[PDB]
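**Q** The structure that follows is given in the form of structure tokens.
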Amino acid sequence: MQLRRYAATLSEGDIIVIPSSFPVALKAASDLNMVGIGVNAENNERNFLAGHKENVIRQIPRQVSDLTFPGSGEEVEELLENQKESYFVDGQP
Amino acid sequence: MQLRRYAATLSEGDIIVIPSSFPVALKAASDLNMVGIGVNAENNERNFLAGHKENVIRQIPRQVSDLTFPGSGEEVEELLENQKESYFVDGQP
Amino acid sequence: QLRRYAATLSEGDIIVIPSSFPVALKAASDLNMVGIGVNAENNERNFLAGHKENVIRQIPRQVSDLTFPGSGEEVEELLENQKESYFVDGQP
Amino acid sequence: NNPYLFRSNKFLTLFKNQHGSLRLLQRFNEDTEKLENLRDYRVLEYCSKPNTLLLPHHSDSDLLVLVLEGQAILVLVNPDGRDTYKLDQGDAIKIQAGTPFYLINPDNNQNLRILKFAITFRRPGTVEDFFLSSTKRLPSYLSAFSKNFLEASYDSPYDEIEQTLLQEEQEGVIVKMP
Amino acid sequence: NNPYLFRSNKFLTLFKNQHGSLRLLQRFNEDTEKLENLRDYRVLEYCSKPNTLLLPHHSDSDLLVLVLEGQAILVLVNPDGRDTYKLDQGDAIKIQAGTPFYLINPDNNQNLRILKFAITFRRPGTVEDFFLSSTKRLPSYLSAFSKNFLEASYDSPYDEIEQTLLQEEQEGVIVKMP
Amino acid sequence: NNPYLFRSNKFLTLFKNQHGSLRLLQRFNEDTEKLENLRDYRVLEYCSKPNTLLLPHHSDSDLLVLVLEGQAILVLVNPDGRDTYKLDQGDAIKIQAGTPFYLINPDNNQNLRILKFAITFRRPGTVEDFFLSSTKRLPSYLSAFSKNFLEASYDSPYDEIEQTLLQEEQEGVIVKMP
Amino acid sequence: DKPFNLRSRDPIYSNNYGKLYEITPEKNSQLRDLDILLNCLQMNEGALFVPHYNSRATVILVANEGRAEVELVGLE
Amino acid sequence: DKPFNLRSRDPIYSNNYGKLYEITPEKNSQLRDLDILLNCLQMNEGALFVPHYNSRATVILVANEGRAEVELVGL
Amino acid sequence: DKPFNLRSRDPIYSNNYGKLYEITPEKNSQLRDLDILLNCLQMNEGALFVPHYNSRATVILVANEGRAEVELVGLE
């Protein structure tokens with residue numbers, strides 16, 4: 001297996017398909033409005049990887065985080081605390 | 001992407017498959033008895049194109065009938081009124 | 001065409017048993033197996049030998065007599081020999 | 001060319017006999033990709049003469065049995081007992097896969113014509129029947145088991161098992177009621 | 001290469017006209033086996049100018065209609081009567097397969113953009129539309145019937161049926177409201 | 001030839017380590033069209049030595065986890081908090097797709113053997129695992145995002161994110177509890 | 001589950017030209033499990049079953065008695 | 001069944017950077033028959049919708065207004 | 001949903017030769033969502049599980065401990 005990234009800038013009318021379990025992220029290059037249609041929708045739950053609320057990484061106990069990440073439990077924990085916003089954030093460089 | 005007609009005379013024991021949304025009509029060449037088995041049956045509704053009752057074309061408002069048909073709204077309306085029977089009619093030439 | 005699929009399974013080996021296919025297995029040693037059945041809802045197990053839940057035993061004498069080379073009574077007795085059910089002594 | 005039409009000739013004959021016949025319709029998606037949605041269904045037709053019996057067997061598929069002409073006796077066998085049904089022209093009933101059963105035409109002058117709509121799920125578009133009786137066409141599936149398995153199972157000497165229920169008896173699967 | 005990306009160019013145009021257009025996106029599993037779970041769905045986009053009408057027709061698939069921009073009048077025809085709905089930007093509604101319907105852009109300045117998510121079941125991945133009106137692109141499906149069948153059905157001389165509803169009238173399926 | 005038989009050798013080894021292994025059985029319909037009805041299922045086997053941990057990861061499929069031998073600690077991570085389960089030989093539990101989870105063999109002398117029955121739906125017959133940790137076999141999926149996206153998201157300088165959670169730490173996905 | 005007759009209920013369409021009996025999965029438990037619909041069609045010689053179409057069900061028609069001239073319109 | 005608007009219910013995520021409206025099959029009968037979910041996304045220029053993934057749903061995203069830089073990670 | 005054991009309920013078949021534990025989707029919510037059925041089979045050396053067949057379920061049997069001689073009859 002080989003991890004891969006699919007990046008692309010979408011214009012009005014363009015479509016992107018996002019498979020379940022695939023991590024995704026997107027930035028509004030201009031004021032953005034999108035419509036999504038999800039299939040196999042029943043019981044879908046959204047898991048976040050960054051931000052403050054609903055961040056699954058934040059739920060991993062320090063002992064194990066320490067073992068799964070190169071940094072230390074405390075270090076990992078702090079890093080996940082810097083971002084105060086949730087879901088949508090300021091994507092400025 | 002083209003329109004096509006499938007005509008055939010069926011004898012005892014013969015089978016014809018009628019897909020959903022496909023307009024179909026049949027004339028009894030002799031005293032007829034047929035049995036049908038419909039799949040994907042839940043919520044099936046039969047729409048008629050001729051006859052008096054359950055004729056979907058008769059439900060189109062005159063303003064729009066006039067635009068969808070070569071004739072005029074009134075003309076179209078009368079034509080759909082000649083057949084007094086429903087579902088089954090006299091198929092004599 | 002009728003066909004038999006026999007095989008000896010060792011630890012870690014897997015065999016798939018399709019529905020409606022008659023199956024039987026003998027423990028060559030003390031055996032423990034785990035099974036996972038798909039399309040499980042409403043599954044009913046029918047036995048061909050043994051005393052309990054033997055579908056052949058439910059066939060009336062008149063018709064048994066017509067489906068088997070033997071006679072109704074004969075067939076009936078033969079299905080009465082095995083006193084056990086489900087699992088039996090597989091000794092030769 | 002009409003891909004939606006299936007004439008009588010397109011019925012493969014599974015078993016003819018002078019007492020009746022059993023025929024199976026080719027797969028609906030055999031000659032066309034226009035009926036993929038009917039790939040899990042098979043059509044069977046059964047016709048038998050007066051005082052005839054279709055030997056007990058189970059199917060690996062669900063069956064929607066429909067009496068097109070005549071009268072019939074249907075017996076469904078359960079490991080617990082059995083259910084008998086008297087079917088009249090126009091009657092229909094579902095037979096769940098794996099249920100052994102036998103059909104009888106009790107009438108003495110009128111034939112029996114039945115339509116069998118099979119809903120397959122084990123092997124899509126494929127329907128198999130397991131007959132308990134050994135015939136020319138095919139031997140009883142009980143005979144596919146080894147001698148040791150059978151002897152231990154029925155707890156009886158083999159050659160006795162063979163002559164009581166494994167030996168080729170009937171000519172075909174459709175016989176006549178005495 | 002990105003198999004999950006579908007640019008506007010990958011939209012086959014089903015029908016362009018100076019009043020509007022109807023486009024269909026290629027099958028999701030066309031260039032890739034990575035989206036087999038989306039094979040039963042097709043995406044369509046519809047765009048029309050002010051005071052336009054999409055002629056009555058029924059689809060063989062379930063449609064999830066979604067107004068992306070503009071305002072619209074949707075009329076669903078039943079064999080019993082009909083239902084009229086006013087759709088605003090952001091409104092959505094399900095149109096059950098086999099339901100004849102027509103779409104209107106009532107506004108006089110703003111265009112109408114509608115996304116149509118189709119859920120196919122008769123022929124997976126395939127969505128068909130049946131237009132009652134004869135046009136250049138295709139003749140009314142009512143005309144595919146024989147003269148005898150039509151005469152008996154409507155109970156009227158053929159040449160009268162022909163010029164009242166079978167004769168090629170409109171240029172396209174998208175016309176303008178008077 | 002027996003198409004219904006699958007020996008141990010037919011197990012592709014996904015990851016071996018001196019602490020344990022994870023193996024995946026070939027698709028049931030790989031060598032035969034006789035098992036099309038099992039195409040959506042894959043069987044996996046997991047074995048680990050005393051005091052070992054399978055790093056957190058989420059699967060794209062539904063898992064039915066069954067403890068064949070040994071004892072195990074199962075932690076299911078929710079975005080809200082988490083749930084811990086103590087599994088004994090014979091216990092079974094369902095883990096829904098998308099739920100990150102880790103496994104622990106708390107025993108000090110006995111090994112842990114677990115059978116995983118996967119029910120796929122995103123890509124039929126295909127089961128994928130997403131590991132949060134960077135290893136030799138594969139880097140952390142979080143690393144696939146651009147530097148800008150990561151910095152904005154975590155709101156921290158990149159090289160600090162890199163050394164805290166993206167840097168290749170462990171050897172494999174199965175490590176040993178201190 | 002017991003046997004049920006196709007003509008056990010009133011026909012949904014009755015004329016001087018023909019009758020149509022129909023049992024849907026909504027009105028019969030055995031049928032709703034299979035998502036199947038069953039119907040019996042009886043027409044007098046010369047009768048015509050006017051042009052119509054089913055919205056969802058694909059029907060497998062069987063000629064039991066008599067001959068029928070069917071015209072099916074499709075879009076390939 | 002009548003029409004329903006995507007923004008008819010309160011958003012499930014609301015910020016100074018964006019909003020996400022969502023109607024699931026659990027809250028809408030028309031949708032539960034289709035087992036589909038619909039959502040309307042509105043973001044302010046410069047806003048980033050942080051890395052996340054859906055457990056069971058495969059979402060078809062449509063760009064209606066504006067440009068979006070999306071980063072999808074797969075295996 | 002919590003963990004459940006295969007031997008949590010009384011076996012459905014118990015002998016001097018063998019036992020069979022079975023949990024069906026009817027008796028376990030987690031399993032009914034998946035439409036799966038689980039079972040544990042324990043037999044003493046020499047014991048024979050008589051010829052039988054499942055009406056609807058396709059079972060994937062796994063050898064956990066010991067050796068087994070299985071005979072499967074099919075029609076192809």
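Chain lettering (A, B, ...) mirrors the order of the structure tokens, residue numbering begins at 1 for each chain separately, and ligand numbering begins at 1 in order of display.
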Pull the strand (DSSP E or B) assignments for range 119-166 of chain E out of DSSP run on the backbone, and list those residues as a list in words.
**A**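 Result set for range 119-166 of chain E (strand (DSSP E or B)): residues 119, 129, 130 and 131 of chain E.
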**Q** Compute the chain E side of the contact with chain G at 6 Å, counting only C-alpha atoms, and hand it back as a list in words.
**A** residues 97, 98 and 153 of chain E
**Q** Produce a file of the selected residues containing N, CA and C atoms, as a PDB file, in the first residue's frame.
**A**
```pdb
ATOM      1  N   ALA E  97     -39.878   7.812  -9.551  1.00  0.00           N
ATOM      2  CA  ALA E  97     -39.802   7.341 -10.922  1.00  0.00           C
ATOM      3  C   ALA E  97     -41.187   7.079 -11.481  1.00  0.00           C
ATOM      4  N   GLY E  98     -41.367   7.354 -12.770  1.00  0.00           N
ATOM      5  CA  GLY E  98     -42.654   7.121 -13.402  1.00  0.00           C
ATOM      6  C   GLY E  98     -43.654   8.257 -13.277  1.00  0.00           C
ATOM      7  N   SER E 153     -57.308   2.837 -29.115  1.00  0.00           N
ATOM      8  CA  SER E 153     -57.055   3.440 -27.811  1.00  0.00           C
ATOM      9  C   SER E 153     -57.735   4.780 -27.607  1.00  0.00           C
TER      10      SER E 153
END
```
**Q** Determine which residues of chain C DSSP labels as alpha helix (DSSP H) from the backbone of this structure, then write them out as a PDB file with N, CA and C atoms, in the first residue's frame.
**A**
```
ATOM      1  N   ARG C  61     -45.239 -43.015   5.422  1.00  0.00           N
ATOM      2  CA  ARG C  61     -44.895 -44.319   4.870  1.00  0.00           C
ATOM      3  C   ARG C  61     -45.244 -44.507   3.385  1.00  0.00           C
ATOM      4  N   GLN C  62     -46.466 -44.149   2.991  1.00  0.00           N
ATOM      5  CA  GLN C  62     -46.892 -44.317   1.603  1.00  0.00           C
ATOM      6  C   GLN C  62     -45.909 -43.690   0.632  1.00  0.00           C
ATOM      7  N   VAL C  63     -45.579 -42.426   0.870  1.00  0.00           N
ATOM      8  CA  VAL C  63     -44.665 -41.722  -0.015  1.00  0.00           C
ATOM      9  C   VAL C  63     -43.196 -42.149   0.156  1.00  0.00           C
ATOM     10  N   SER C  64     -42.774 -42.458   1.379  1.00  0.00           N
ATOM     11  CA  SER C  64     -41.398 -42.910   1.579  1.00  0.00           C
ATOM     12  C   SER C  64     -41.207 -44.124   0.683  1.00  0.00           C
ATOM     13  N   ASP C  65     -42.210 -44.997   0.697  1.00  0.00           N
ATOM     14  CA  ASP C  65     -42.204 -46.224  -0.084  1.00  0.00           C
ATOM     15  C   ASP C  65     -41.995 -45.952  -1.565  1.00  0.00           C
ATOM     16  N   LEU C  66     -42.501 -44.824  -2.036  1.00  0.00           N
ATOM     17  CA  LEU C  66     -42.362 -44.482  -3.439  1.00  0.00           C
ATOM     18  C   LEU C  66     -41.041 -43.782  -3.771  1.00  0.00           C
ATOM     19  N   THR C  67     -40.492 -43.045  -2.812  1.00  0.00           N
ATOM     20  CA  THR C  67     -39.253 -42.332  -3.076  1.00  0.00           C
ATOM     21  C   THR C  67     -38.003 -43.178  -2.853  1.00  0.00           C
ATOM     22  N   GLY C  72     -41.790 -48.826   2.757  1.00  0.00           N
ATOM     23  CA  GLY C  72     -42.090 -47.882   3.814  1.00  0.00           C
ATOM     24  C   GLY C  72     -41.659 -48.366   5.181  1.00  0.00           C
ATOM     25  N   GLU C  73     -42.073 -49.579   5.538  1.00  0.00           N
ATOM     26  CA  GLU C  73     -41.728 -50.150   6.835  1.00  0.00           C
ATOM     27  C   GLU C  73     -40.218 -50.263   6.967  1.00  0.00           C
ATOM     28  N   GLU C  74     -39.588 -50.887   5.974  1.00  0.00           N
ATOM     29  CA  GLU C  74     -38.141 -51.048   5.981  1.00  0.00           C
ATOM     30  C   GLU C  74     -37.465 -49.697   6.201  1.00  0.00           C
ATOM     31  N   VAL C  75     -37.752 -48.740   5.322  1.00  0.00           N
ATOM     32  CA  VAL C  75     -37.170 -47.410   5.443  1.00  0.00           C
ATOM     33  C   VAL C  75     -37.376 -46.891   6.863  1.00  0.00           C
ATOM     34  N   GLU C  76     -38.596 -47.028   7.366  1.00  0.00           N
ATOM     35  CA  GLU C  76     -38.912 -46.561   8.707  1.00  0.00           C
ATOM     36  C   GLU C  76     -38.019 -47.166   9.780  1.00  0.00           C
ATOM     37  N   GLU C  77     -37.806 -48.474   9.719  1.00  0.00           N
ATOM     38  CA  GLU C  77     -36.967 -49.124  10.716  1.00  0.00           C
ATOM     39  C   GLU C  77     -35.537 -48.605  10.649  1.00  0.00           C
ATOM     40  N   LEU C  78     -34.995 -48.559   9.441  1.00  0.00           N
ATOM     41  CA  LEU C  78     -33.632 -48.100   9.227  1.00  0.00           C
ATOM     42  C   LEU C  78     -33.369 -46.741   9.882  1.00  0.00           C
ATOM     43  N   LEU C  79     -34.376 -45.875   9.862  1.00  0.00           N
ATOM     44  CA  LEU C  79     -34.241 -44.552  10.453  1.00  0.00           C
ATOM     45  C   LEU C  79     -34.449 -44.601  11.954  1.00  0.00           C
ATOM     46  N   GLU C  80     -34.742 -45.785  12.471  1.00  0.00           N
ATOM     47  CA  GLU C  80     -34.965 -45.941  13.898  1.00  0.00           C
ATOM     48  C   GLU C  80     -33.765 -46.517  14.634  1.00  0.00           C
ATOM     49  N   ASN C  81     -32.813 -47.062  13.881  1.00  0.00           N
ATOM     50  CA  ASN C  81     -31.637 -47.659  14.495  1.00  0.00           C
ATOM     51  C   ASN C  81     -30.810 -46.671  15.292  1.00  0.00           C
TER      52      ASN C  81
END
```
**Q** Distance limit 7 Å, atoms considered: only C-alpha atoms. Which chain E residues sit that close to chain A? Return them as a list in words.
**A**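 Every residue of chain E that passes the 7 Å test is in residues 2, 4, 5, 6, 7 and 8 of chain E.
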**Q** Taking N, CA and C atoms for each residue, export the selection above as a short mmCIF file (atom, residue, chain, number, x, y, z; two decimals), in the first residue's frame.
**A**
```cif
data_model
loop_
_atom_site.label_atom_id
_atom_site.label_comp_id
_atom_site.auth_asym_id
_atom_site.auth_seq_id
_atom_site.Cartn_x
_atom_site.Cartn_y
_atom_site.Cartn_z
N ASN E 2 -6.21 11.88 -10.48
CA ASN E 2 -7.17 11.93 -9.38
C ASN E 2 -8.48 11.32 -9.87
N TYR E 4 -11.15 10.65 -8.14
CA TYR E 4 -12.28 11.18 -7.40
C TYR E 4 -12.73 12.56 -7.87
N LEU E 5 -12.01 13.13 -8.83
CA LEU E 5 -12.33 14.45 -9.35
C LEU E 5 -13.13 14.43 -10.65
N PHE E 6 -14.19 15.23 -10.70
CA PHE E 6 -15.04 15.31 -11.88
C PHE E 6 -15.29 16.75 -12.29
N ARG E 7 -14.48 17.26 -13.22
CA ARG E 7 -14.60 18.62 -13.73
C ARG E 7 -15.84 18.78 -14.60
N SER E 8 -16.21 20.02 -14.87
CA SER E 8 -17.38 20.31 -15.68
C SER E 8 -17.30 19.69 -17.07
#
```
**Q** Would you write out, as CSV, a table of all residues in chain C that have an atom no more than 7 Å from an atom of chain I, listing for each the closest atom pair and the distance in Å to one decimal, considering only C-alpha atoms and ordering rows by chain and rising residue number?
**A**
```
residue,atom,partner,partner_atom,distance
C:1,CA,I:75,CA,5.8
C:2,CA,I:75,CA,4.8
C:3,CA,I:74,CA,5.4
C:4,CA,I:73,CA,4.7
C:5,CA,I:72,CA,4.9
C:6,CA,I:71,CA,4.4
C:7,CA,I:70,CA,5.7
C:8,CA,I:69,CA,4.4
C:9,CA,I:68,CA,5.1
C:10,CA,I:67,CA,4.8
C:11,CA,I:63,CA,4.9
C:12,CA,I:63,CA,5.2
C:13,CA,I:63,CA,5.5
C:14,CA,I:62,CA,4.7
C:15,CA,I:61,CA,5.3
C:16,CA,I:60,CA,4.5
C:17,CA,I:59,CA,5.1
C:18,CA,I:58,CA,4.4
C:19,CA,I:58,CA,4.9
C:20,CA,I:55,CA,5.3
C:21,CA,I:74,CA,5.6
C:22,CA,I:53,CA,4.5
C:23,CA,I:72,CA,4.5
C:24,CA,I:51,CA,4.5
C:25,CA,I:70,CA,4.1
C:26,CA,I:48,CA,4.2
C:27,CA,I:68,CA,4.9
C:28,CA,I:68,CA,5.3
C:29,CA,I:45,CA,4.1
C:30,CA,I:45,CA,4.4
C:31,CA,I:66,CA,4.5
C:32,CA,I:42,CA,4.6
C:33,CA,I:41,CA,4.9
C:34,CA,I:40,CA,4.6
C:35,CA,I:61,CA,4.5
C:36,CA,I:38,CA,4.9
C:37,CA,I:59,CA,4.0
C:38,CA,I:36,CA,4.8
C:39,CA,I:57,CA,5.2
C:40,CA,I:57,CA,4.9
C:41,CA,I:35,CA,5.9
C:43,CA,I:56,CA,5.0
C:44,CA,I:55,CA,5.5
C:45,CA,I:54,CA,4.5
C:46,CA,I:53,CA,5.5
C:47,CA,I:52,CA,4.2
C:48,CA,I:52,CA,5.5
C:49,CA,I:50,CA,6.2
C:86,CA,I:50,CA,5.7
C:87,CA,I:49,CA,4.6
C:88,CA,I:48,CA,5.2
C:89,CA,I:47,CA,5.0
C:90,CA,I:48,CA,4.8
C:91,CA,I:46,CA,6.3
```
**Q** Suppose we keep C-alpha atoms; can you now write the selection as an mmCIF file, in the first residue's frame?
**A**
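Ended up saving to part.cif:
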```
data_model
loop_
_atom_site.group_PDB
_atom_site.id
_atom_site.type_symbol
_atom_site.label_atom_id
_atom_site.label_comp_id
_atom_site.auth_asym_id
_atom_site.auth_seq_id
_atom_site.Cartn_x
_atom_site.Cartn_y
_atom_site.Cartn_z
ATOM 1 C CA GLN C 1 -23.626 -33.494 -11.594
ATOM 2 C CA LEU C 2 -23.422 -34.668 -7.984
ATOM 3 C CA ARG C 3 -20.061 -34.150 -6.286
ATOM 4 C CA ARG C 4 -18.403 -34.801 -2.931
ATOM 5 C CA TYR C 5 -15.920 -32.427 -1.301
ATOM 6 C CA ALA C 6 -13.945 -34.175 1.428
ATOM 7 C CA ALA C 7 -10.949 -32.765 3.278
ATOM 8 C CA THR C 8 -9.174 -32.969 6.592
ATOM 9 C CA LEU C 9 -8.836 -29.573 8.258
ATOM 10 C CA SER C 10 -5.956 -28.619 10.511
ATOM 11 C CA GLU C 11 -5.863 -25.709 12.918
ATOM 12 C CA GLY C 12 -6.329 -22.412 11.132
ATOM 13 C CA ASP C 13 -7.898 -24.077 8.098
ATOM 14 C CA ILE C 14 -11.262 -22.829 6.805
ATOM 15 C CA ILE C 15 -14.102 -24.510 4.893
ATOM 16 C CA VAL C 16 -17.136 -22.739 3.496
ATOM 17 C CA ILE C 17 -20.463 -24.565 3.664
ATOM 18 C CA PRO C 18 -23.130 -23.163 1.303
ATOM 19 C CA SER C 19 -26.781 -23.276 2.319
ATOM 20 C CA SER C 20 -28.823 -26.332 1.242
ATOM 21 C CA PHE C 21 -25.629 -28.338 0.752
ATOM 22 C CA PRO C 22 -25.639 -31.404 3.039
ATOM 23 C CA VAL C 23 -22.572 -31.553 5.251
ATOM 24 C CA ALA C 24 -21.105 -33.803 7.929
ATOM 25 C CA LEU C 25 -17.883 -33.866 9.873
ATOM 26 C CA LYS C 26 -15.975 -36.219 12.130
ATOM 27 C CA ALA C 27 -13.629 -35.128 14.914
ATOM 28 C CA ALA C 28 -10.264 -36.770 14.145
ATOM 29 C CA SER C 29 -9.103 -35.507 17.533
ATOM 30 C CA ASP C 30 -10.726 -33.381 20.234
ATOM 31 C CA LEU C 31 -12.147 -30.617 18.080
ATOM 32 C CA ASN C 32 -13.184 -26.992 18.559
ATOM 33 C CA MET C 33 -14.546 -24.929 15.685
ATOM 34 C CA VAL C 34 -15.946 -21.428 15.318
ATOM 35 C CA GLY C 35 -18.541 -20.687 12.665
ATOM 36 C CA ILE C 36 -19.740 -17.488 11.018
ATOM 37 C CA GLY C 37 -22.962 -17.735 9.058
ATOM 38 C CA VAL C 38 -24.020 -15.016 6.635
ATOM 39 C CA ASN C 39 -27.615 -14.454 5.431
ATOM 40 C CA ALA C 40 -28.386 -15.870 8.864
ATOM 41 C CA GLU C 41 -31.860 -14.511 9.472
ATOM 42 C CA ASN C 43 -31.820 -20.083 9.227
ATOM 43 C CA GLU C 44 -33.146 -23.520 10.086
ATOM 44 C CA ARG C 45 -30.984 -26.632 10.308
ATOM 45 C CA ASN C 46 -32.436 -29.843 8.814
ATOM 46 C CA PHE C 47 -30.990 -33.226 9.798
ATOM 47 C CA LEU C 48 -30.894 -36.309 7.569
ATOM 48 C CA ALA C 49 -29.855 -38.909 10.145
ATOM 49 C CA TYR C 86 -26.893 -34.546 16.037
ATOM 50 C CA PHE C 87 -23.582 -36.007 17.248
ATOM 51 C CA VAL C 88 -22.910 -39.749 17.262
ATOM 52 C CA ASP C 89 -20.130 -42.300 17.695
ATOM 53 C CA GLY C 90 -18.171 -42.169 14.453
ATOM 54 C CA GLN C 91 -16.363 -45.460 15.053
#
```
**Q** Can you tell me how far CA of residue 4 in chain G sits from CA of residue 21 in chain B, in Å to one decimal?
**A**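 Going from CA of residue 4 in chain G over to CA of residue 21 in chain B, I get 28.7 Å.
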**Q** Restrict the distance test to only C-alpha atoms, flag each residue of chain H within 9 Å of chain E, and return the flagged residues as a list in words.
**A** residues 1, 2, 3, 4, 5, 6, 7, 30, 31, 34, 40, 58 and 64 of chain H
**Q** Can you pull out every residue within 7 Å of residue 174 in chain D, counting only C-alpha atoms, but drop anything in the same chain fewer than 3 positions away, and send it as a ChimeraX atom specification?
**A** /D:19-20,52-55
**Q** Identify, on the basis of only C-alpha atoms, every residue whose closest approach to residue 91 in chain A does not exceed 6 Å; exclude the query and any residue fewer than 4 positions from it along the same chain; express the result as a list in words.
**A**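 Once the adjacent positions are removed, what remains is residues 152 of chain F; 46, 47 and 48 of chain H.
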**Q** Those same residues - C-alpha atoms - I'd like them written as a tab-separated table (two decimals), in the first residue's frame.
**A**
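Result file follows (part_2.tsv):
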```tsv
chain	number	residue	atom	x	y	z
F	152	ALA	CA	-3.69	26.30	10.19
H	46	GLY	CA	-9.65	32.16	3.95
H	47	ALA	CA	-11.54	29.70	6.15
H	48	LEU	CA	-10.27	26.15	6.53
```
**Q** If we count only C-alpha atoms, which residues of chain F reach to within 10 Å of chain E? Please list them as a PyMOL selection string.
**A** chain F and resi 121-124+126
**Q** Include N, CA, C and O atoms and write out the residues we just selected as an mmCIF file, in the first residue's frame.
**A**
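Written output follows (selection.cif):
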```
data_model
loop_
_atom_site.group_PDB
_atom_site.id
_atom_site.type_symbol
_atom_site.label_atom_id
_atom_site.label_comp_id
_atom_site.auth_asym_id
_atom_site.auth_seq_id
_atom_site.Cartn_x
_atom_site.Cartn_y
_atom_site.Cartn_z
ATOM 1 N N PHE F 121 -18.331 -2.189 2.564
ATOM 2 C CA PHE F 121 -19.413 -1.485 1.898
ATOM 3 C C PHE F 121 -18.901 -0.334 1.035
ATOM 4 O O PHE F 121 -19.481 -0.042 0.008
ATOM 5 N N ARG F 122 -17.803 0.298 1.433
ATOM 6 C CA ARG F 122 -17.253 1.400 0.647
ATOM 7 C C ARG F 122 -16.719 0.850 -0.665
ATOM 8 O O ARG F 122 -17.091 1.305 -1.735
ATOM 9 N N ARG F 123 -15.813 -0.113 -0.579
ATOM 10 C CA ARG F 123 -15.278 -0.750 -1.774
ATOM 11 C C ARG F 123 -15.356 -2.267 -1.549
ATOM 12 O O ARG F 123 -14.468 -2.878 -0.941
ATOM 13 N N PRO F 124 -16.443 -2.891 -2.040
ATOM 14 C CA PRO F 124 -16.713 -4.322 -1.919
ATOM 15 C C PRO F 124 -15.514 -5.243 -2.008
ATOM 16 O O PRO F 124 -14.794 -5.260 -3.000
ATOM 17 N N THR F 126 -12.936 -4.980 -0.352
ATOM 18 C CA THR F 126 -11.738 -4.302 0.069
ATOM 19 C C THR F 126 -11.889 -3.713 1.451
ATOM 20 O O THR F 126 -12.875 -3.061 1.753
#
```
**Q** Give me the residues near residue 55 in chain H as a ChimeraX atom specification, where near means some atom within 8 Å (using only C-alpha atoms) and where sequence neighbours in that chain fewer than 5 positions away do not count.
**A** /A:20-21,44-47 /F:60,97-99
**Q** Near residue 90 in chain A, counting only C-alpha atoms, which residues have an atom at most 12 Å away, once you skip same-chain residues fewer than 3 positions from it, shown as a VMD selection string?
**A** (chain A and resid 26 to 29 51 83 to 87 93) or (chain F and resid 148 to 155) or (chain H and resid 15 to 18 43 to 50)
**Q** What is the distance, in Å and to one decimal place, between CA of residue 129 in chain E and CA of residue 57 in chain E?
**A**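 A separation of 6.5 Å between them.
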**Q** What separation in Å, quoted to one decimal, exists between CA of residue 81 in chain F and CA of residue 23 in chain A?
**A**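 Between CA of residue 81 in chain F and CA of residue 23 in chain A the gap works out to 19.9 Å.
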**Q** Neighbours of residue 27 in chain E within 7 Å (only C-alpha atoms; same-chain residues fewer than 2 positions away dropped), as a PyMOL selection string?
**A** chain E and resi 25+29-30+39+42+125
